[PDB]
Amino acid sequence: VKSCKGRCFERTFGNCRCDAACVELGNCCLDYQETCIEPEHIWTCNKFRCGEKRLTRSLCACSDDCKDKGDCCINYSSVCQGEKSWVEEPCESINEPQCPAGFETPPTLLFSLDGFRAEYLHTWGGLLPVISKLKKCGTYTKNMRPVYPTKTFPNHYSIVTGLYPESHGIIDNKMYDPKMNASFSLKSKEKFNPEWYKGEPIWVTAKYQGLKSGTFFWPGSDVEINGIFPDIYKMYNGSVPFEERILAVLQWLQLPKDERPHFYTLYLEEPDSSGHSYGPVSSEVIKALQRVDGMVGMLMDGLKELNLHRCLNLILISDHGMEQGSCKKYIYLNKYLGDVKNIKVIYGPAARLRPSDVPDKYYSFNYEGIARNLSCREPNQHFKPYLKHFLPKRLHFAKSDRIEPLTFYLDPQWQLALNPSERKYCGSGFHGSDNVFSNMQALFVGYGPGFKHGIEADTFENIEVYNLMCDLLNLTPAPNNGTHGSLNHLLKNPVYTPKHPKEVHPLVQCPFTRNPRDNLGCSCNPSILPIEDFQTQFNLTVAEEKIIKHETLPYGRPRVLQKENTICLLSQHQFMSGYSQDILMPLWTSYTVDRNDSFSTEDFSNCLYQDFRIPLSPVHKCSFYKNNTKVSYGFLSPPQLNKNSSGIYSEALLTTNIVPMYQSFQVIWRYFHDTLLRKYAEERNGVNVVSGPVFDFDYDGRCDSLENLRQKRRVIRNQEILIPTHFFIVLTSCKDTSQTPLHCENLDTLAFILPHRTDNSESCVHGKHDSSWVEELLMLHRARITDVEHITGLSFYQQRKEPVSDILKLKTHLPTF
């Protein structure tokens, strides 16, 4: 008499009412809403609904017959039969997958929570029980590094292609292509134009190898790519409630095996939506995090009902993080340029500049002009104009013609526009900043038979996930920017065992040739002890060679993977090197600074000794460089480093150990070898060094072919000289500072690809100590060893006893401080 249970919408006499008219009269039963109305709007059972008379308008049922008719709400068993929800069960390991026929290869589901920054789980884990249990029972990283720019379409498409945006063509949510003379927008018909989307998304990879795919939203999944759609896909519609998306995927997993997909996707707009609207630290973001946690729980409860919770490989992921924007942390360019109307500026933290008159002036326009106009205009300026090829190589943001030739690099929390009118609310949450900023780091949790249990992996990049998903589905990956095997440590049973790459040609021989001691035009410091008998000093016993090889190449010599190359090994007492006769320059030197080594202050300028192992060339003579305004030279292995004396190491002054070097770059190079290298050596109990030139004239992150290098030589004093685009450095010590670089159990690495520029305008030098700015520039231009490998065509560490996959893990690491 006091409850609507069983009598929804039936007229009553005397009892509280359960008809629509009761509301206005205020004589409804206490439970009228929960019993009769709520079921039309919710996907959950509760203590009011358990044993309900079936309602015709209810989204799912909590009636006694719901199991038989198979339309129970997902939480029915937990709430109405007192069984445990997935999250309530303790972790148990999934060694053998428990799958139906059709799933001999188990399915993989890629579940994106847009704008879920890694920090949300660090801080709010206690409010997020389901995601917290997936972490506890699964494979987790505190930080997954997204691609630059840290935006939705770029990162989602990178996750399913393993490609940098510069290569997959989706470089932002808004772009212009000058060859197509079209603009890309998420609100335009151009979003569906196949021409934008390059590479091979995993659902295409899967199709070619006999697996069907089912996407409930993913950037690109509603587009015909290489003539292919997913076998099941949805036209984007953000209004579709999360519950309906999850329920649909659970229907696809019940398809008969002939039509049932193996690869699934799920995309939710939260907590990105709430992040923008209310900021990453807000009541709205907390409620949004609890909601997506509940939705993940709904999937797991759903998989459990289907007995697929020990079958399906789930990758819970996000595209990027979220930062608090501020109207006080917004740069407007009109302050420096005036209210000009000939330029269009892409606003945000990944701001870019382009002429209005396109495609006509797209290449011809004076980018360099505005670049110089906007450099070092204030002290502690919060932005930096960069021609795209001068951006740090770690950002891999230049190759595409869709990347405007002038870009801006913004400090954390800072954004940029032309003027206040051409942006949105400045106080909103935002993302797009440098992919190494803490608040831009993303979520990754892997749970299922394929994944290890209770593992916390070191930080990895989302471009590695394509290969991982391919391994989980026994697919052969399309060519991508991931290092295949670098994530084998996440997998119970790795399917791909990587091998170190084999070098194409063997080392050529550079033998001693008797030739006349020639004048090089050098005014050598009298301090330096010249090389009196070369043939004597460099005819080494195999006993003596083995001592040097062990001290300078403790990890093995760099191997050269280039097609056409003639490299030869040069021994010296303190360093080894690979010399290119084809470019008259070493491709790499290797030496080791010990904790108790000496660095000389004695001048060694305009001093060189002839190396009788290679033909003498005009560009190897002090005379070529004497009062030369266009280029100078520098040494790879540092002459300042003496082990046997307290003077200058004479063997380092050989013509074979010099590289063309702009006078402005010498400031950086000197500071590194005089100050920093000594400090590193002390702090780490020694440091092995490998340094060399880099030639990336195509600014594509790859070493240029020898064919291409011929046409890139400059003419200076009627000599053909090849000037490096960058210089690389790779420092290697031990994790354990009790050990020296020659006897490490575990390698601690730190690599740089320093840009080789005619000025130091990048660093805004004037009125600041030399000390500060050089370390700041090194930090900004750090790189993975894998980045160095791709851009030099070298391969390091091939003599380490570690398995290959462990070395790939080490080479793909990027140091964060």
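What we label the rigid core is the largest C-alpha set whose atoms superpose within 1.5 Å from one form to the other. Quick note: we count residues from 1 along the sequence shown, nothing fancier.
K.L.:
Determine, for 770-778 and 43-51, which one has C-alphas that on average lie farther from this form in 4 other deposited structures of this protein; superpose on the rigid core first.
P.N.:
Looking at 43-51 and 770-778 in 4 other deposited structures of this protein, the bigger mover is 770-778.
K.L.:
Output the stretch, either 180-188 or 422-430, that has more C-alpha displacement from this form in 4 other deposited structures of this protein following superposition by the rigid core.
P.N.:
Between 180-188 and 422-430, the one lying farther away in 4 other deposited structures of this protein is 180-188.
K.L.:
So, looking at the entry's B-factor column for Cα atoms, which has the higher mean, 463-471 or 562-570?
P.N.:
Per the deposited B-factors, the answer is 562-570.
K.L.:
Highest mean C-alpha temperature factor of the two stretches 646-654 and 78-86, which is it?
P.N.:
The stretch with the larger average C-alpha B-factor is 646-654.
K.L.:
I'd like to know which of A206, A442, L540, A288 has the highest C-alpha temperature factor in the PDB entry.
P.N.:
The record points to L540.
K.L.:
From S274, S433, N708, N718, pick the one with the largest CA B-factor in the entry?
P.N.:
Of the candidates given, the C-alpha B-factor peaks at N708.
K.L.:
When the modelled residues of the chain are sorted by Cα temperature factor, does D458 land in the lowest, middle or highest third?
P.N.:
As the PDB entry reports it, the C-alpha B-factor of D458 lands in the middle third of its chain.
K.L.:
Comparing against every modelled residue in the chain, figure out the third that the C-alpha B-factor of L750 lands in (lowest, middle or highest).
P.N.:
Its C-alpha B-factor belongs to the middle third of this chain's values.
K.L.:
If you rank the chain by CA B-factor, which third does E195 end up in: lowest, middle or highest?
P.N.:
For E195, the deposited C-alpha B-factor lands in the middle third.
K.L.:
Could you look up the Cα B-factor of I785 in the entry and say which third of the chain it sits in: lowest, middle or highest?
P.N.:
According to the entry, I785 has a C-alpha B-factor in the chain's lowest third.
K.L.:
How does the C-alpha B factor of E166 compare with the rest of the chain: lowest, middle or highest third?
P.N.:
Its C-alpha B-factor, which the entry lists for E166, ranks in the lowest third among residues of this chain.
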